[PDB]
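Before any questions on how it binds or moves, here is one chain, the form deposited in one PDB entry, in structure tokens.
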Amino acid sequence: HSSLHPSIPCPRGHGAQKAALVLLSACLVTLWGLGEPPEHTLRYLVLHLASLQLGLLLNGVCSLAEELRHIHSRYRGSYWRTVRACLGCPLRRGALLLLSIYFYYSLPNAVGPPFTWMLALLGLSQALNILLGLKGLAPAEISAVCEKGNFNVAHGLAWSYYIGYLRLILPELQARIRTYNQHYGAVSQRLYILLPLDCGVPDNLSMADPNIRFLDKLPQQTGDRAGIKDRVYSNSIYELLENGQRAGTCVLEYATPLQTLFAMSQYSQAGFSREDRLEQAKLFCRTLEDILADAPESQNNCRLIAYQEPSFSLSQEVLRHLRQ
């Protein structure tokens, strides 16, 4: 399960396969109840699968017509890769196509046209589906494909955040805090990152909640990156107020990628909607949590805070997590 926030979706499971198994069992029971020639059941099932395979072949050919224009750039200028991407596994698909053709051209069929007439009708139906866009994928299927294939912006944002910022500072954060304390308050030993699922992320944190105010600045860290010599990473130690008293101080910061998502939502070229913004923010939080859990650099040296504004007091949540 997920511990950051009850509103964070867990990874999709295998409920669809369970429902499919139940449906198959029910269909088999129904066919048994009907008590008609069983051979016909298998024959027509095979014919239907063959028709679907031929339709997939036609759709793949139509898609390949477009994909060929991009052979040189996208597909390394090789026709074999183009065919593989348009039709999948060439050999498996070819074997299935040959079986479908043979069975349909050979097996007697009472429901369905002969081979040539059936092929014409199938091509007609596939062309109509392509032209009218009648063949579309539901949002749930698209989301499942994206998550399974990791085709979501949040994945890239989280990996960028881990590889560009955390992976560098986190090992040296203990040393920097030690130096700051030895030279001078009694700050915590972990980095606290706030993850507003609403992606508000005000630039001036004190504006978000008066109870949090700036205290001091950690020593800067310098490192060479992307040709930019002496690139500087800096933190900011804040002080948390309870009834006007300094309850605790921590190295606190927000997640810039949430600002990026919010800005993308504001713009129009991005094609980014607010609902997509929320979904990608939740996915970003989940992915970052997983990466830090599996990461070696972060060994109880960083903590993440996730909250959703509904009455609301950021300072109270931060203090609650600190006192643990």
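Sequential numbering from 1, following the sequence displayed. C-alpha atoms forming the largest set that superposes within 1.5 Å between two forms make up the rigid core.
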Do at least a third of the other compared PDB entries leave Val145 without coordinates?
no
Output yes if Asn211 is unmodelled in at least a third of the other compared entries of this protein, no if it is modelled in all of them.
no
What number of residues from the deposited sequence go unmodelled in the gap from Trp80 to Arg81, classed as none, 1 to 3, 4 to 9, or 10 or more?
none
Absent coordinates between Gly13 and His14 - deposited residues affected, binned into four classes
none
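Not on display, but discussed next: the form deposited in another entry.
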Yes/no, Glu289 Cα shift of 2 Å or more between the shown form and the other one with rigid core fixed:
no
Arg74: Cα shift of 2 Å or greater between the shown form and the other one (core-aligned):
yes
Rigid core superposed: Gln174 CA moves 2 Å or more between the shown form and the other one:
no
A change of 3 Å or more separates this form from the other: in the other entry, the C-alpha atoms of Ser143 and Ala255 are farther
Did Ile71 and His155 drift closer or farther in the other entry, going by a CA distance change of 3 angstroms or more?
closer
